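Each remark here refers to the structure printed beneath this line.
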Amino acid sequence: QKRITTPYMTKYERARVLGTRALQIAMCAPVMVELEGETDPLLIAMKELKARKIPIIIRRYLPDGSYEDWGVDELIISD
Amino acid sequence: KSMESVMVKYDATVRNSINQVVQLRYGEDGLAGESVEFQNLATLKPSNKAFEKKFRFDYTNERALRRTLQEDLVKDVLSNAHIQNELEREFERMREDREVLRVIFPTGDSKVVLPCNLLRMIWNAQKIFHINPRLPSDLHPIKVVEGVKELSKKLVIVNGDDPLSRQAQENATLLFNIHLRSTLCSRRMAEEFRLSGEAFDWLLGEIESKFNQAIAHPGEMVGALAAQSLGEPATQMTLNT
Amino acid sequence: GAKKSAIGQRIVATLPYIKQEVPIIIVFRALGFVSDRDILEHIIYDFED
Amino acid sequence: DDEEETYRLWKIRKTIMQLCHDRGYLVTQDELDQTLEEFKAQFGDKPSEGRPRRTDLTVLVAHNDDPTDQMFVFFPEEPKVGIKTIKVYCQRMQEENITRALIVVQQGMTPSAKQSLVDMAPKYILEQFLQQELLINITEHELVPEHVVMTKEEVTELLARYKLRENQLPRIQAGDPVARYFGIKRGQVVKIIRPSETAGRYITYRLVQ
Amino acid sequence: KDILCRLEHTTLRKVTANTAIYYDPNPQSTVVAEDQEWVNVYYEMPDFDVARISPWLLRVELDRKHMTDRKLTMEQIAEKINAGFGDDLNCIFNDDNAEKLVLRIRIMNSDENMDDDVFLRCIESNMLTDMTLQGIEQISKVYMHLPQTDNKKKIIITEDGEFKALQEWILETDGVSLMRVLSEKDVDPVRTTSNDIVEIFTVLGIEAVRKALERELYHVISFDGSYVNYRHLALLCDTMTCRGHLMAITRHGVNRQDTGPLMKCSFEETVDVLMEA
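Chains as they are written, first to last, in the deposited numbering: chain A, 49 to 127; chain B, 866 to 1106; chain C, 246 to 294; chain D, 2 to 210; chain E, 1155 to 1267, 1279 to 1442.
See the structure below:
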């Protein structure tokens, strides 16, 4: 690793990922984790985050401009 | 309007819109404002003689130790000089930490703001594990001392391979580490808490998870929060005192 | 100025349509009573103090 | 009172010994803990009709880091140092052959003397000080935090670890007394250590501009 | 109390019960009868009479109670007024035993061999207003009180180690004169503090202001009973002192900044900055 940025997902990163996953589900994104009879995109997105199956990589910008790439599975939910 | 620009970066350094650093760590502790809670050190306030007696953990009597420890554990402590030396070492280190606390505060008030309260969790642990005060602790004394050291190593506010970055984390956790040593001192654990070895391990895990949650998330705008927070007290203040 | 302090404070009187404040003695002379005693009697009814 | 003036001179000398110690110049242990009675016997009871003449109070100290580097402090009988008198001090400094030098002023130095000081910026530099300010020590005051000199290599380490520019670190003005007392070179970073209730300690870096 | 009297400012008008001008051509003339007995002993040895004798006499009466309150002696006042005036002013004083305290002043005889009348009046008025006999001009009055609060009381660590608070008399002075008070002997520089932030910047330094500002923010918030975390207070002083100079939170302070022209455009100085950009 050797990265100053925290391995755990930041609260702001968690909010954006959940919003993005919910946005994809409403559009008609294929579900990595099957919904438990849920018509609400936000509810499915939270279960997908717990599963960590979401296909999202987050790029973190350092002051020097170095970029850190973290997979959703690698990131640890803040809550 | 003036403080809205100030914000915390990914490296956790608070900076202005110009990006000039305002603080290396947010709040000088790099921890969330809500997470810190008031706790009593209970080291500086008691007299030196009272502090020495409280943490002495003397094995010479062999009867006070027998009351606070299981028969197998106390005989093992007497059998090995090294185990006794470790018990003496923690007390000596605690005395140095107490002198550091006196340097930090001339008043030396016990009250301080720290992220995790060990006492509240220990009380919850005693109820969960149904710990009995009459029963002597089943946890070996050296294991209690090693557990405090392991927890301090696990929690790092700043992680840097280069020297002075690791030292910065030690300064950030210095107050918490001194409180951790006094609360989890082997003499104190055996004398009153009598916590089981599993309960102590559970407590160490609980503190680590809460401490990681305590660290402030990067990208927060600290300046905007600070300016609005000051306004609410200003309204309470009378126009003419 | 110490010389100004030694003479004492001057009671300049503001009047309508004047560029700068006019001293009471000058305005009193303009009204009349040119003699110093006449100006003094209006300013102080009793000279006992 | 002439005797009170001698007491003031002792306070200035004791603060000067602390001031070079903050710079890192070697200082005699006795001078750091010098008492008024010892100073009064050593230099004379009173300046008027007495051995002290605002002269011979000059102190020469050699830097611990560099033996050749030395600091010399000049005391003037005149309340404001004359333009000619500073030139005489510069000639004495030329014999000393030390770039570092200090001047203590009883009152306020003439502006023309300051103009002479600025032109010779590269060598034989002089730092103006006020004798009244030297009566007390700024470092001893509780409100002033600890100041630690940092080498350029040490300054590079902090910048590299947190990816901060020298400009990013909070700036400290040259005019404030603590910067002058330490005599940190402009553009250098001086570490400030202040106790924090939340963490128990904090470290911040100040860049002199 | 004696140190408080030294700190408190005193002037000639306060010490003198009254000041009067009399015409005495010679000490023997004795226009005022009471001064003659002490004057006669002074008359036996003539001083400064060789060149000429002064026709105009300035007579000063000092209340004993005023001298006792300020711990000031007429003889010390006479020597200090003579100093810095050369031979222009000559002062003679009554014996300490005599109940009345009188200072007799004769104008310089050298000039005889500015109208002398108004010159005597001008010297008398100028000295009374600007005497600065004792104390600091900046501080009008000094008050002595003992503080109940433990923090104000001196705090020491005992051999037992229990913290001990000892009550010490403290002085409160109107106005701000931090540098002069610290210069005065038997005064603790570390304990003494000045409310004015600018005074702290001039003597203590910028970082001392940063610590003082955090303490001031905590003190004002504590007074209304509200609580604010240390982090918020620390940030406000740190951003203010980040420049290294004291800056007020005002439009002019924002105008002098490294911020871009669009921020200045949002600050109502858009026309000038955009043309400059």
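Where is the CB? At the ideal position from N, CA and C, for every residue including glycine.
Any C-beta of chain B under 7 Å from that of residue i
i, result
"A:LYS98", "no"
"A:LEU110", "yes"
"D:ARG202", "yes"
"A:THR58", "yes"
"E:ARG1416", "no"
"D:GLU158", "yes"
Reference residue i; option with closest CA among the options
i, options, result
"D:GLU4", "D:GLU50, D:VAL105, D:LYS124, D:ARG207", "D:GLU50"
"A:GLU116", "A:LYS98, A:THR68, A:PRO78, A:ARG107", "A:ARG107"
"B:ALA990", "B:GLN949, B:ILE1072, B:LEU943, B:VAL978", "B:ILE1072"
"B:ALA1099", "E:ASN1236, E:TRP1192, E:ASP1280, E:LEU1382", "E:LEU1382"
"B:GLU1057", "B:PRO998, B:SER944, B:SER912", "B:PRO998"
"E:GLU1324", "B:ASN905, B:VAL968, B:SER912, B:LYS874", "B:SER912"
"D:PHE183", "D:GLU143, D:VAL156, D:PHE130, D:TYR203", "D:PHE130"
"D:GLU97", "D:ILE104, D:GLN116, D:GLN43, D:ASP70", "D:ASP70"
"D:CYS21", "D:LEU103, D:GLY109, D:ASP177, D:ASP46", "D:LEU103"
"E:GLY1390", "B:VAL1087, B:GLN1101, B:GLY1084, B:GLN1093", "B:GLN1101"
"E:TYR1395", "B:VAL1009, B:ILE996, B:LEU943, B:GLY898", "B:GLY898"
"B:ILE1080", "B:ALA1092, B:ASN1024, B:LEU1068", "B:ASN1024"
Exposure of residue i, with buried meaning 16 or more beta-carbon neighbours within 10 Å
i, result
"C:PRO268", "exposed"
"B:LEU1040", "buried"
"E:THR1164", "buried"
"E:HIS1384", "exposed"
"C:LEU285", "exposed"
"E:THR1222", "exposed"
"E:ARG1408", "buried"
"E:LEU1439", "exposed"
"E:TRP1334", "exposed"
"D:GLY201", "buried"
"E:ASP1403", "buried"
Residue-chain proximity (residue i, chain D), Cβ-Cβ < 7 Å
i, result
"B:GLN885", "yes"
"B:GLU893", "yes"
"B:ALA897", "no"
"B:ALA1037", "yes"
"B:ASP1027", "yes"
"E:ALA1373", "yes"
"E:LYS1376", "yes"
"E:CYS1407", "yes"
Below-7 Å beta-carbon distance, residue i vs any chain E residue
i, result
"C:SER250", "yes"
"D:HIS22", "no"
"C:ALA258", "no"
"D:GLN174", "yes"
Limits of the unbroken beta strand (DSSP E) element including residue i
i, result
"D:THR205", "203-209"
"E:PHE1239", "Element bounds for E:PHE1239: n/a, residue is neither H nor E."
"A:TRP118", "115-119"
"residue 1278 of chain E", "Residue 1278 of chain E falls within a stretch that is absent from the model, since chain E runs 1267 to 1279 with no residues between."
"A:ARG107", "105-109"
"B:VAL1087", "Not the beta strand (DSSP E): B:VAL1087 falls in the alpha helix (DSSP H), residues 1087-1101."
"D:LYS192", "190-195"
"D:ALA63", "61-63"
Bounding residues of the alpha helix (DSSP H) (the contiguous stretch that carries residue i)
i, result
"B:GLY1070", "1062-1079"
"E:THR1173", "Taken as a continuous stretch (DSSP letters only), E:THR1173 belongs to no alpha helix (DSSP H), being part of the beta strand (DSSP E) at 1170-1177."
"B:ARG999", "No alpha helix (DSSP H) contains B:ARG999, which DSSP labels as neither H nor E."
"D:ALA102", "Taken as a continuous stretch (DSSP letters only), D:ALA102 belongs to no alpha helix (DSSP H), being part of the beta strand (DSSP E) at 101-106."
Neighbourhood of residue i by C-beta distance below 6 Å, restricted to the same chain and skipping five residues each side
i, result
"D:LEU208", "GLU167, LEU170, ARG172, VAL190"
"E:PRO1354", "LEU1347"
"D:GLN35", "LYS15"
Below-7 Å beta-carbon distance, residue i vs any chain A residue
i, result
"B:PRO1083", "yes"
"B:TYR875", "yes"
Same chain, Cβ closer than 8 Å to residue i, five either side skipped, listed in chain order
i, result
"E:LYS1155", "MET1309"
"D:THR59", "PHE73, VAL74, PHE75, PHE76"
"B:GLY973", "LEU909, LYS910, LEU966, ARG967"
Contact with chain C by residue i, beta-carbon distance below 7 Å
i, result
"E:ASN1291", "yes"
"residue 1277 of chain E", "This structure gives no coordinates for residue 1277 of chain E. The numbering of chain E moves from 1267 immediately to 1279."
Residue i CB to nearest heavy atom of the ligand NAP below 6 Å
i, result
"B:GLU955", "In the structure shown, the ligand NAP is absent, as is every other ligand, since no ligand is present at all."
Neighbourhood of residue i by C-beta distance below 7 Å, restricted to the same chain and skipping five residues each side
i, result
"B:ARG963", "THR908, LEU909, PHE916"
"B:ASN881", "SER870, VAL871, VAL887"
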